[PDB]
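The structure appears below as structure tokens.
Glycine gets a Cβ as well: all are built from the backbone with ideal geometry, and neighbour counts include every protein chain shown. Bear in mind that the values in this text are calculations on the coordinates, not laboratory data.
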Amino acid sequence: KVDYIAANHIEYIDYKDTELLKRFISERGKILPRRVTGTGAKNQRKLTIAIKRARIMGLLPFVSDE
Amino acid sequence: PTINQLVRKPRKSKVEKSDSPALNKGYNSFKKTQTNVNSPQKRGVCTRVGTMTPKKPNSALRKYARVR
Amino acid sequence: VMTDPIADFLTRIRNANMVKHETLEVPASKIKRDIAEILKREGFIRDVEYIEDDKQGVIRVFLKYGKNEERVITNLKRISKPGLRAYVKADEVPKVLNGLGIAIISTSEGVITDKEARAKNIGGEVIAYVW
Amino acid sequence: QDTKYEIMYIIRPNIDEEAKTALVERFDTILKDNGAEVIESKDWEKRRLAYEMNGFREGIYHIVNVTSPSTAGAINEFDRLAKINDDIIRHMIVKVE
Amino acid sequence: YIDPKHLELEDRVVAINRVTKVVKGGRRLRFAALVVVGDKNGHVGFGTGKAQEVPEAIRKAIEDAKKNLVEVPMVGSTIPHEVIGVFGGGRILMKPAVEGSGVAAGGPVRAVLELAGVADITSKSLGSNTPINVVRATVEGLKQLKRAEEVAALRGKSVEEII
Amino acid sequence: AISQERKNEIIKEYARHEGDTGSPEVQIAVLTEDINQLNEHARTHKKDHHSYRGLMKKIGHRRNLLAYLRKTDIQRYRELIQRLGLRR
RNA sequence: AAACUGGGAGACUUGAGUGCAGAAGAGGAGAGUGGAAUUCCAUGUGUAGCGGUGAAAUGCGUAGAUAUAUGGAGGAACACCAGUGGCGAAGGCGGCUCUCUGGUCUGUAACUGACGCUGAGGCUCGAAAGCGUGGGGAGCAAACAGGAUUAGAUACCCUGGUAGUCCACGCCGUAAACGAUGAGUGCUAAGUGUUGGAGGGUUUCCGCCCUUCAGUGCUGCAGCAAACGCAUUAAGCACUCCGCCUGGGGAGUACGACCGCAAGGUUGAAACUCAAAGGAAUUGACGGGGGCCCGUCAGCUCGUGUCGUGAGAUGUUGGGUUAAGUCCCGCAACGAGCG
């Protein structure tokens, strides 16, 4: 379990690269805890702001069943 | 307290009171009633007589009077 | 904020004595050096060495222990305090612990022990009891 | 100095290819008339959406890059004009650093 | 260390206490005893024990009391200096007295003081007056008494240099 | 609240020698600029009780430094408080 | 006389502030905006129930309910993230974007040169409920109505339902407003988590080892405590300044005074009456407390030790086994008596 944002030395998150974001949300769209993904305390805050930003701009589903 | 608090406002003790307070009396003749004159006894006239029953758990009829 | 450096010195000595280890360091001062010499002359301290670099300090004290690691100073007390000062007259000089302990007094001719003061017949401010 | 923003809006899908240029140039102008130095303006991609916004499930994304002093009344003008249009669906203004 | 119990010792009762323990049905009762022990020469110990009758209790207590003993220095029928002994809510002050003045001391402390051969001393209890804690505080205060020789030895001095 | 160019702009005229960021003249002048700007912000946002705390603490700091300057040199004190426009 | 405290002329940089370079954050005020759900409305399909309880009933329904599908309207709260995590002097602060703004932490060593600490009287802020003026009003809900239950039920349970809960501006000024622990400063063993930084090494070290600041938790020593316990975030050792206490009732009452539209708040007695009222722990008995077992039960005590300031404890608790305090193993206990 290694912080994948520390795997690369990635500085900015940009809420647009929905390819990176899509691995922190479950198979239903809900945000996964800091445990099940092994990220840090502040990268988690940035990631959460990122995907909340994404959902509003219609890049990402709020709920996904239909 | 700090000794500065004590100097701002000193210590005050409690005031004691008798349990025979009707024995420091004064006349009711010319003006009014004076409190300096601690007595060992006082006299009076009995305005009634009779008996009364004590507290718990005694039992009797104890003689008494009322006196002016 | 610090308001009594003499009391701070005394409590360093007592705190490091009760835990029974063999060194101690304080920021220096003309009065603390005086009472460190008085503590050395009577037999409570083993030594005192004077380093000094760029601020006041420092003063290093070397405590002293018995033959079975028992303590030669048993307590230590500050008498005159900033907030209630204690002045003593030549016939009021105290005798701490029936002579088995010392008092420390500041007079017009030095900071001296309580024997040296009732031999000269003067008095002054009372710093401390160490018994 | 200044502050950098990134404006990102979503055009209507079913418009032609001249009203689109008209809209882009229109908003570039009305950014610049209030002292907002625009420094990039592009199209991005045609995507479908994760939910329908008004009745639309596709839209064209456009991003701009702009600096300005933090007090200029420019970047609020974009908001005030964008929420009353008919071809734009959403916008997000965001400080960039 | 152990002052070993091999002397001529005159004991003394200081207290007894009817003490119960409620069980199924009614009540049990024992007797607790507090005893002092010494030889009126400077060796004093205290000890307590309980049994079902008073003689058995006082016996077990003297048994216990002899296992402990303290040295109690003095300089001519008078304690060397002034001490304050504290043990759990019992505070006892003791002063050196004048030749032939006696012991002015309360109930529990005077037993302790008389069975160590103390002759002239003044006391006062600034605390609680439960016999056990008074006795324990008094013995706690004797243990602070310092001989004049030992002080001169610990420091680098001689006697007649600090007295 | 003042920018970092206003600040140096006004500490380059109440300095005494060069390299003079201390010197209670500098500190009370910069604090005066701050208190003015914060008074503006309070007039606009008068139910921001959490910024008024900082306003009051700045005022306390300035009054303390003024007391110090006075108790040690009255000439510098008078000249300042004339130059800066206070002492109502 | 001249050590200390006070006064006068100087000098210094460690306390305190400033500059320079960086870091984190549901700190505050204003203005917009998003999706999930509840309610009502409109329309299609659709047949007799739905709802509710320990059981029922009141209620809604054949003027077509509930369900189910699509569209609108309005209000309030922000799932996952989310954590003995973060921020704030406290009260408190959780969707997102922008504008205005307060404080903290870390490194450095330009600068000033004791500028510091505490703070009666005074001012500022202060959960919920409540009051005034004008808006808003979906869900919930004092008062109130109807149904039940009971000996009775002006309650608990069910169906409804008004103020209020929401916004702007004024007032009120109290809570178990709590860590029942005032603020500043120095000193005194160790072990282990987590939040934000700074240095050195190995160096993809950016994931590891060591050191070091500031927060936040757990365990534990000296010392302290009446025991409970506390313990570098002290309830330890010490100095400075403020607030407050002196048996229980009467009583936060009466009287006067200030404050408030009101409700009320702050200040604050005595006459008389009792010999107790309390804190913490101990052995029993009980519980409409819990767990293990079984179908003539298997329990009740003492001596010498050790533990506890003390009443007291241990043994007689724990694992296994047994019909069994019947046996074994372990254990400050080792043995004994009636069962």
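What to note about this one:
- Calculated FRET value between A:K1 and A:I56, using beta carbons and R₀ = 25 Å, to 0.05: 0.25
- Volume per residue of the C-alpha convex hull in chain F, rounded to whole Å³: 105 Å³
- Ratio of Rg to Rh over the range C:1-73 (Cα coordinates, Kirkwood Rh, two decimals): 0.97
- Options D:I11, D:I89, C:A103, ranked by Cα towards positive dipole end of the protein assembly as shown, top entry (Cβ charges): C:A103
- Value of [θ]222 nm, deg cm²/dmol, for chain E, DSSP H segments ≥ 4, -39500 (n - 2.57) each, nearest 500: -7000 deg cm²/dmol
- Charge dipole (the protein assembly as shown, unit charges on Cβ, about Cα centre) - positive-most of E:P55, E:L9, E:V159: E:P55
- Rounded to 0.05, the FRET efficiency of the C:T23 and A:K42 pair, given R0 = 41 Å and the Cβ-Cβ distance, is 0.40.
- Label-to-label distance, B:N28 versus E:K24, with points set 7 angstrom from Cα along the beta-carbon direction: 7.2 nm.
- Unit Cα scatterers, Debye sum, chain A: log10 I(q)/I(0) for q = 0.15 Å⁻¹: -0.44
- For chain C, the longest principal axis of the alpha carbon atoms and the long axis of helix C:5-18 meet at an angle near 60°.
- Between D:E18 and D:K32, full extension at 0.36 nm per residue minus the direct alpha carbon distance yields a gain of 2.9 nm.
- Counting only residues at least eight positions apart within a chain, or on another chain, the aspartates and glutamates with an alpha carbon under 12 Å from that of E:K146 are E:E71, E:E82.
- Cα convex hull, the protein assembly as shown: 557 Å³ per residue, rounded to a whole number.
- For chain F, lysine pairs with C-alpha atoms less than 26 angstrom apart, excluding pairs fewer than eight positions apart on the same chain, total 12.
- Under 16 Å of direct C-alpha separation, and excluding same-chain neighbours fewer than eight residues apart, E:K124 reaches these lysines: E:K95.
- Here is the list for the range F:1-44: GluC sites (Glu not before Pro) lying in DSSP coil, each with at most 15 other C-beta atoms within 10 angstrom of its C-beta, are F:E13, F:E18.
- Under 22 Å of direct C-alpha separation, and excluding same-chain neighbours fewer than eight residues apart, C:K89 reaches these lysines: C:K77, C:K81, C:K115, C:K120.
- For the range C:1-60, trypsin sites (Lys or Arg not before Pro) meeting the loop criterion (DSSP other than H, G, I, E, B) and having at most 11 other Cβ atoms within 10 Å: C:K20, C:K55.
- Dipole magnitude (debye, nearest 20) for the protein assembly as shown, charges at Cβ of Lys, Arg, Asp, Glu: 5440 debye
- Helical runs (DSSP H, four residues minimum) scored at -39500 (n - 2.57) apiece and divided by the length of chain A put the mean residue ellipticity at 222 nm at -10500 deg cm²/dmol.
- In a reduced charge model with +1 at each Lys and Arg Cβ and -1 at each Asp and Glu Cβ, the range B:1-59 shows a dipole moment near 220 debye about its Cα centre.
- Value of [θ]222 nm, deg cm²/dmol, for chain B, DSSP H segments ≥ 4, -39500 (n - 2.57) each, nearest 500: -2000 deg cm²/dmol
- Where labels lie 7 Å past Cα in the beta-carbon direction, separation of B:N58 and F:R83 in nm: 9.3 nm
- Computed from Cα atoms, the angle from the helix F:24-44 axis to the main principal axis of chain F rounds to 20 degrees.
- The mean sequence distance of close C-alpha pairs (under 8 Å, at least 6 residues apart), as a share of the length of chain C, puts its relative contact order at 22 percent.
- Size of charge dipole - chain A - debye, nearest 20, with Cβ of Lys, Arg +1 and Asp, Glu -1, no other charges: 340 debye
- Chain D: Rg to Rh, with Rh as the Kirkwood radius over Cα pairs: 0.97
- Taking the longest Cα principal axis of chain F as reference, the axis of helix F:49-72 is set at about 10 degrees.
- In chain E, Cα pairs under 8 Å separated by at least six residues give a relative contact order of 20 percent.
- Kirkwood Rh in Å, taken over all unlike Cα pairs in the range C:74-131: 11.3 Å
- Per residue, the convex hull spanned by the Cα atoms of the range E:47-163 amounts to 120 cubic angstrom.
- Chymotrypsin sites (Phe, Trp or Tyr not before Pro) within the range D:24-97: DSSP coil, no more than 13 neighbouring Cβ in 10 Å: D:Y51
- For chain A, relative contact order (Cα pairs under 8 Å, six or more residues apart, normalised by length) works out to 41 percent.
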